[PDB]
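> turn this into a model:
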Amino acid sequence: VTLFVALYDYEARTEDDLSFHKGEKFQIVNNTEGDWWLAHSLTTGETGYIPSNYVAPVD
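Numbers count the residues shown, from 1 in each chain. The coordinates are given below.
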């Protein structure tokens, strides 16, 4: 798999998005439905939407 890392902090605004900190890592569950991706946090174990421009693939 390709994991992703947060480039910036983000505070959730809705019921279905995740709050996360810069440096948090994610496994992406779905990214075929636009620029908001369904992601799974490796810190919290939660799954929810994140803005895809806030993450980068881990080398």
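
> the strands in the chain, which residues?
In the chain, the segments counted as strands under DSSP state E are 3-6, 25-30, 36-41, 47-51, 55-57.

> closest one to residue 15 among those?
With C-beta to C-beta as the measure, strand 47-51 is the member of the strands of the chain nearest residue 15 (8.7 Å). (Each C-beta comes from the backbone N, C-alpha and C, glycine too.)

> what residues sit buried inside the closest one?
48-50 (16 or more other C-beta atoms under 10 Å).

> quick check: phi and psi on the residue nearest to residue 46 when sequence neighbours are not counted?
Leaving aside its chain neighbours, residue 46 sits nearest to residue 18 (5.8 Å; criterion: C-beta to C-beta, 6 or more residues apart in numbering). Main-chain dihedrals, residue 18, degrees, to the nearest 10: phi -100, psi 140.

> in this structure residue 18 contacts residue 51, no?
No - counting by C-beta atoms under 8 Å, residue 51 is not a contact partner of residue 18; they are 10.0 Å apart.

> what about residue 4, neighbour count?
22 (other C-beta atoms under 10 Å).

> then residue 31?
Look at residue 31: counted by other C-beta under 10 Å, it has 14 neighbours.

> likewise for the one 5 residues further on?
Residue 36 sits with 17 neighbouring residues when counted by other C-beta under 10 Å.
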